[PDB]
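> Have a look at the structure that comes next, please.
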Amino acid sequence: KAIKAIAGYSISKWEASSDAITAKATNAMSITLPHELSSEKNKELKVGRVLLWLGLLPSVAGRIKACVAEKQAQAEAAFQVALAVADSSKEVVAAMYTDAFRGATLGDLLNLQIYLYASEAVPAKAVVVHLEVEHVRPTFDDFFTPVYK
Amino acid sequence: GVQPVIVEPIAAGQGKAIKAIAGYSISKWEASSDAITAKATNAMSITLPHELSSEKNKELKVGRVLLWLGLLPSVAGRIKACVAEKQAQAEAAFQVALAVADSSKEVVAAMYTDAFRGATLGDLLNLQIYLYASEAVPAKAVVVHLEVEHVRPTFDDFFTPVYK
Amino acid sequence: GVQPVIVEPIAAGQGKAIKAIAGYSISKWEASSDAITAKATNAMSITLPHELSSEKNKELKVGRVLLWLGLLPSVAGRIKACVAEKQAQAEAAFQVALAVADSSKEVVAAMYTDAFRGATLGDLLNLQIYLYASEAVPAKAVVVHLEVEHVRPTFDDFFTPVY
Amino acid sequence: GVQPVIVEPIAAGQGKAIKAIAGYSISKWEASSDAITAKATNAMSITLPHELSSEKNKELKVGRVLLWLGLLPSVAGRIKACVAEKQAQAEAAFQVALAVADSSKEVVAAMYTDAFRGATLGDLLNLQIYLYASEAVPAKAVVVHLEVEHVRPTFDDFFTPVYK
Amino acid sequence: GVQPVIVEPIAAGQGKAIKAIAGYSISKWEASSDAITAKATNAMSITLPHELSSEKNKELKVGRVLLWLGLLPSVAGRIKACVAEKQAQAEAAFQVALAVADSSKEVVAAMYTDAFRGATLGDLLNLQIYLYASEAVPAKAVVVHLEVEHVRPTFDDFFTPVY
Amino acid sequence: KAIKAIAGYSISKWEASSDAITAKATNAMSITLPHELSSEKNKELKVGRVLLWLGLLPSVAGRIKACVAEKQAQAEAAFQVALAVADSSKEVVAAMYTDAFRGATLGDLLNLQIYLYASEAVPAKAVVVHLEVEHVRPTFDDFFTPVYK
């Protein structure tokens, strides 16, 4: 089976491709909401659980780590405080945050960042980061936009 | 069975007024404009009053929003306006707006019944006002009026305690 | 389902007349205009009729105010009128008015349901009438009619004592 | 029979707040001061807010009035203040005042429970504020806060009718 | 008629402790001061403790805020403190504060019952603490204690998963 | 999901950074309570379960082990008697002590030590040790300090 969202909650999924990475280097990528949730009305919706997993090219060599944390002056120091890390050298390359954000809002996610690490040279678009975020269902999504505008 | 009716003419300012829902109050303020070039657009920021600019008061939920613009009796041209999110392109806000106030209609106003419902008063600072003109217009020639329904502030019926 | 409906055309002078609220009466007077420059505006102070200008009656409350203007039939163009507070700019009063009377529409009128509901007849001397015209207009071409409802005066059905 | 009691100490700003009577609301605003000479007095006019300066709103009855003054933490001297009618002599207003706020007390405030009851908001413009200083003080060194209980304005829960 | 009454003297530490309202908890932390020029004022930003600095907890509502300061016993003079919004003038915050803590009185404290009732813990980062002294005071001589009551956090009695 | 504390119990979390480590060397670090639990009144509170996990820098090479045990004359000999070890060469880098301390007090934890091991040179602050301790909730934590002091 799989994990089902609680009553009154929906799950939104999107992805973001990566840039080039150097050796023993760590990039910081900001989080961008999908356009359908970018309004001020929808930035007030609560957040439940958040799941991170990534997909590498089959020819990518070396160990790739990733996590989501708050903004840090030193990019590498994020991994010491993150509550879960997606490491490509174990059975499950995923990072589940079941309680790290439960109660924040979608507008709060713009204050977070995604940190990627690589021990070997990585070209552009080699890694794809998948983000899945559970949140309160939008209040009006079963109505047409009124015609008289 | 048919039914005959008579339609009664209505004078200006004679219709019914909208009433706020329980637990809410309506605050009003207006802002001036500056010069607009022919076939151009302007972006105008939204600034709160002083009495609603404390951390306590910027946590009040928003209801409905009304935007109506008053202009000089001698301005020639077509004026349009809307309220939307901040955009790189000022003219591109009209392509996605849910209500546009156009001066060449019978009612020059726009009602946003659901676009900003559930936001907070402090979130309103992230919205802008876009203003278009068909022909060149000078400054102060058009005034925009903004009316926001929001939760009634909790403590406005109490004197300040005397022991400071 | 669908209901058929017949709309009956009406002539001028057909239509309801608004009735004053209980305990109130309506007083009417008019003001004549002077020459107006094209694309300019005029301001003129409200003058109470001689029968309401005493201290006894300037303390009565105000309900609704109605404005309507009657033009010379030869006059053509566009005339606009409004009632507001005294303004530094004559034409700026149209940006803050809650109603404007226009001659290019079918009903040339302006109704103020709550703009002054609760003031006194003496407060009307603090207001002004603003008149705009797109073309030049000679004097005595626009007559401004005002209708005000107010609390019914209490001691007026008496003769003046002469003993 | 005797009765023993314990008196509990109270911290600053810990007492009860006064609540307005039915049908009334409280509006607040503050005004700055200018330089005061040693052993001298100043007369400060009273100006209404903008939202309460229409003919409709200057007909609202007044209830209670509270005057409390906040001053810099570094001002040396004694400061007194009162609200009274306009007078030829500024120092002579303290001889007839019903409540004087003196900075050398535990509670620095004055309550006027009956002096101005039954007047109107437009009548308040006829009153002044008198301010005394024992030693020389600079400008902006003392701010006066004024709180007026008055009848709740009738139409603040309604949207403006759209047909202008 | 007249009732006799005996007043019982109390020692320091005797007196009631205010209980937090249902559904709320109280978190306490302290801040140390630095050198203060005589007849001058200092401003210092509120820093949340590390256990409330996450996005999850900065969305909790605020009830009451209590301030009290503890001095070195050798320190003499007058110290004043208040919590307000950020001000262009450091000392102007005392003219708009709803309470001030003074060391020349018996209780050196300041209670804010409604000044911030309804804000968020993240809004406290928009406020500042202002400290004034009549004489010169060296660093680490005033310790500012803050006590804040807020909505009780919901998901904190769990271990961090490690699967 | 995650593991919830029993009735009448709360969980306190803190961390301590590491010093430099030599090759095939083992350091001993004493445990320090948070300041809010350091009083004699709060040192009498009972202890439930204790969890240890650590966060390395992504560029740290070599195998890092860690455990908490009693004071030992020989530092390395702790790993032979510890009931759980956090090894950075397996799926879960964590050490759970579900019954090793259940019944002791917080004052007893000052008699324990944390032992770290490294097979390669490690600079200062490279490892961060996270400690999570379940204990009886303090008896007075919903009251203000009385004003008249």
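Just so it is clear, none of the values below were taken in a lab; they were calculated from the coordinates. No Cβ is skipped: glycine too gets one built from the backbone with ideal geometry, and neighbour counts run over all protein chains shown.
> Of all DSSP beta bridges located in the protein assembly as shown, what percent are antiparallel, nearest 5? Spell out each step's value before the answer.
Numbers: 230 of 236 bridges.
The answer is about 95 percent antiparallel.
> Counting only residues 5 or more places away or on other chains, whose amide H sits under 5 Å from the amide H of residue F:94 once H atoms are built in the peptide plane?
Under 5 Å from the amide H of residue F:94: F:87.
> Write down the radius of gyration of segment D:14-75 and its Dmax, each obtained from C-alpha positions, in Å.
My reading of the Cα-based Rg and Dmax gives 16.0, 45 Å.
> For chain A, take N as its residue count and report Rg(C-alpha) divided by 2.2 N^0.38 Å. Working shown, then result.
Working: Rg = 17.0 Å, N = 149, 2.2 N^0.38 = 14.7 Å.
Here the Cα radius of gyration is 1.15 times the empirical estimate.
> Rounded to the nearest 0.05, what FRET efficiency do residue C:154 and residue F:98 give with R0 = 56 Å and r taken as the Cβ-Cβ distance? Could you check? Display every interim value, and only then the final one.
Numbers: r = 90 Å, r/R0 = 1.61.
The pair residue C:154/residue F:98 has a calculated efficiency of 0.05.
> Let's see if you can work this out: charge +1 on each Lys and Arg Cβ, -1 on each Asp and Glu Cβ, no other charges. What is the dipole magnitude of segment F:51-149 about its Cα centre, in debye to the nearest 20? Mind dumping the intermediate values first?
Details: 8 positive and 11 negative charges, 43 e Å.
I would put it at about 200 debye.
> Just to be sure I understand: with springs between alpha-carbon atoms less than 10 Å apart, which residue in B:38, B:101, B:110 has the highest mean-square fluctuation in the Gaussian network model of chain B?
B:38
> Moving on to the next point. Given springs between every Cα pair under 10 Å in a Gaussian network model of chain F, which of F:62, F:107, F:48 has the largest fluctuation?
Fluctuation is largest for F:62.
> Assuming a ≥ b ≥ c are the square roots of the Cα gyration tensor eigenvalues, decide whether chain D counts as rounded (a/c under 1.5), prolate (otherwise, with a/b larger than b/c) or oblate.
On the way: a/c = 1.96, a/b = 1.23, b/c = 1.59.
Judged from the Cα gyration tensor, chain D comes out oblate (a/c at least 1.5, b/c at or above a/b).
> Compare the Cα positions of E:1, E:11, E:131 along the charge dipole of chain E (+1 at Cβ of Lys, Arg; -1 at Cβ of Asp, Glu; about the Cα centre) and return the one farthest towards the positive end.
Selected residue: E:1.
> Still on this structure, please answer the following. Taking the Cβ of residue B:58 as the center, what net charge do the other residues with Cβ under 10 Å away carry, scoring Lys and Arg +1 and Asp and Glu -1? Spell out each step's value before the answer.
Numbers: positive: B:56; negative: B:55, B:59, B:123, E:123.
Combined, the nearby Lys, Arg, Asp and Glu give -3.
> To continue, here is another question. Give the residues of segment D:1-44 whose amide nitrogen is closer than 20 Å to a point set 7 Å from the Cα of residue E:12 in the direction of its Cβ.
So the set is D:7-12.
> Considering the options C:63, E:37, F:131, tell which one lies farthest towards the positive end of the dipole of the protein assembly as shown, charges being +1 on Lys and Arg and -1 on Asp and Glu at the Cβ, about the Cα centre.
Checked the options; the winner is F:131.
> Turning to a different aspect of this structure: Place a point 7 Å from the Cα of residue C:86 along the Cα-to-Cβ direction; which residues of segment C:40-54 have their backbone N under 17 Å from it?
Flagged as within label range: C:42-48.
> Going by amide H atoms built from the backbone, whose H comes under 5 Å of the H on residue C:40, apart from near neighbours?
C:133
> Now, a different point. Just checking the output field for B:28-34: average partner chain Cβ neighbours within 10 Å of each residue's Cβ? Please report the intermediate quantities before stating the final value.
Values: counts 4, 1, 2, 0, 1, 0, 0.
Averaged over the peptide's residues, the number is 1.
> Continuing with this model, one more query. Given labels modelled 7 Å from the Cα in the Cβ direction, how far is it in nm from residue C:139 to residue C:50?
Result: 2.2 nm between the two label points.
> Round to the nearest 0.05 the FRET efficiency obtained for residue B:107 and residue A:57 when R0 = 51 Å and r is the Cβ-Cβ distance. Don't skip to the answer; put the middle values down first.
Working: r = 59 Å, r/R0 = 1.15.
Calculated value: 0.30.
> Mean separation of Cα pairs under 8 Å and 6+ residues apart, divided by the residue count of chain D: what relative contact order is that in percent?
Reported relative contact order: 42 percent.
> When every alpha-carbon pair in segment C:5-55 is counted, what percent end up more than 14 Å apart?
Details: 966 of 1275 pairs.
Counting pairs separated by more than 14 Å, the tail of P(r) holds 76 percent.
> Sum up the charges of everything whose Cβ sits under 15 Å from the Cβ of residue D:8, counting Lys and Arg as +1 and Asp and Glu as -1, but leave residue D:8 out.
On the way: positive: D:16, E:16, E:19, F:149; negative: E:8, E:106.
That sum, taken over residues with Cβ under 15 Å, equals +2.
> Let me ask you something else. Can you pull the three principal axis extents for the Cα set of the protein assembly as shown, in Å, largest first?
Computed over the protein assembly as shown, the largest-to-smallest principal extents equal 124, 83, 55 Å.
> Here is a follow-up. Work out the length of the dipole vector of the protein assembly as shown about its Cα centre, built from +1 on the beta-carbon of each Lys and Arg and -1 on the beta-carbon of each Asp and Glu, and round it to the nearest 20 debye. Mind dumping the intermediate values first?
Numbers: 94 positive and 100 negative charges, 129 e Å.
It works out to roughly 620 debye.
> Mind listing the long-range amide H neighbours of residue C:84? Cut-off is under 5 Å, sequence gap 5 or more, other chains count too, H placed in the peptide plane at 1.01 Å from N.
Sorted by chain and number, the residues that satisfy this are C:128, C:130.
> Follow-up. When you look at the Cβ of every residue in B:139-145, what mean number of other chain Cβ atoms sits within 10 Å? If you can, show how the numbers build up before the last one.
Numbers: counts 0, 3, 2, 1, 4, 1, 4.
So the per-residue partner count for this stretch is 2.
> For residue E:140, go through the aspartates and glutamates and keep the ones whose alpha-carbon is under 14 Å away, minus same-chain ones fewer than eight residues off.
Partners within reach: E:30, E:34.
> For chain E, with a Gaussian network of springs between Cα atoms less than 10 Å apart, report the residue from E:11, E:115, E:88 with the top mean-square fluctuation.
With Cα springs under 10 Å in chain E, the top fluctuation among E:11, E:115, E:88 is at E:11.
> Right, another one. Roughly how crowded by other chains is peptide C:118-125, in terms of the mean Cβ count from those chains within 10 Å of each of its Cβ atoms?
Values: counts 10, 6, 3, 0, 1, 6, 1, 0.
Mean shielding by partner chains, rounded to a whole number: 3.
> While we're on this one: List the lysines whose alpha-carbon lies under 25 Å from that of residue C:58, not counting same-chain residues fewer than 8 positions away?
C:19, C:28, C:86, D:56, D:58, D:61
> Any of E:61/F:4; A:4/A:149; D:86/E:105 with alpha carbons more than 31 Å apart? Name them for me. Display every interim value, and only then the final one.
Working: E:61/F:4 24 Å; A:4/A:149 39 Å; D:86/E:105 38 Å.
From E:61/F:4; A:4/A:149; D:86/E:105, over 31 Å: A:4/A:149; D:86/E:105.
> Is the shape of segment C:45-163 best called rounded, prolate or oblate, per the rule: a/c under 1.5 gives rounded, else a/b larger than b/c gives prolate, else oblate, with a ≥ b ≥ c the square roots of the Cα gyration tensor eigenvalues?
Numbers: a/c = 2.36, a/b = 1.83, b/c = 1.29.
The shape class here is prolate.
> Now, a different point. Once you charge only the Cβ atoms, +1 for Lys and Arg and -1 for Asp and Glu, what is the size of the charge dipole of chain D about its Cα centre, to the nearest 20 debye?
Details: 16 positive and 17 negative charges, 12 e Å.
Its charge dipole is roughly 60 debye.
> List the residues of segment E:25-67 whose backbone N lies under 17 Å from a point placed 7 Å from the Cα of residue F:13 along the Cα-to-Cβ direction.
Flagged as within label range: E:49-60.
> Work out the FRET efficiency for residue D:120 and residue C:162 from their Cβ-Cβ distance, taking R0 = 41 Å, and round it to the nearest 0.05. Could you put the intermediate results ahead of the total?
Details: r = 37 Å, r/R0 = 0.91.
With a Förster radius of 41 Å, E is 0.65.
> Residue F:149 to residue F:79: extension gain in nm, 0.36 nm per residue of separation minus the Cα-Cα distance?
Taking 0.36 nm per residue and subtracting the Cα distance, the gain is 20.2 nm.
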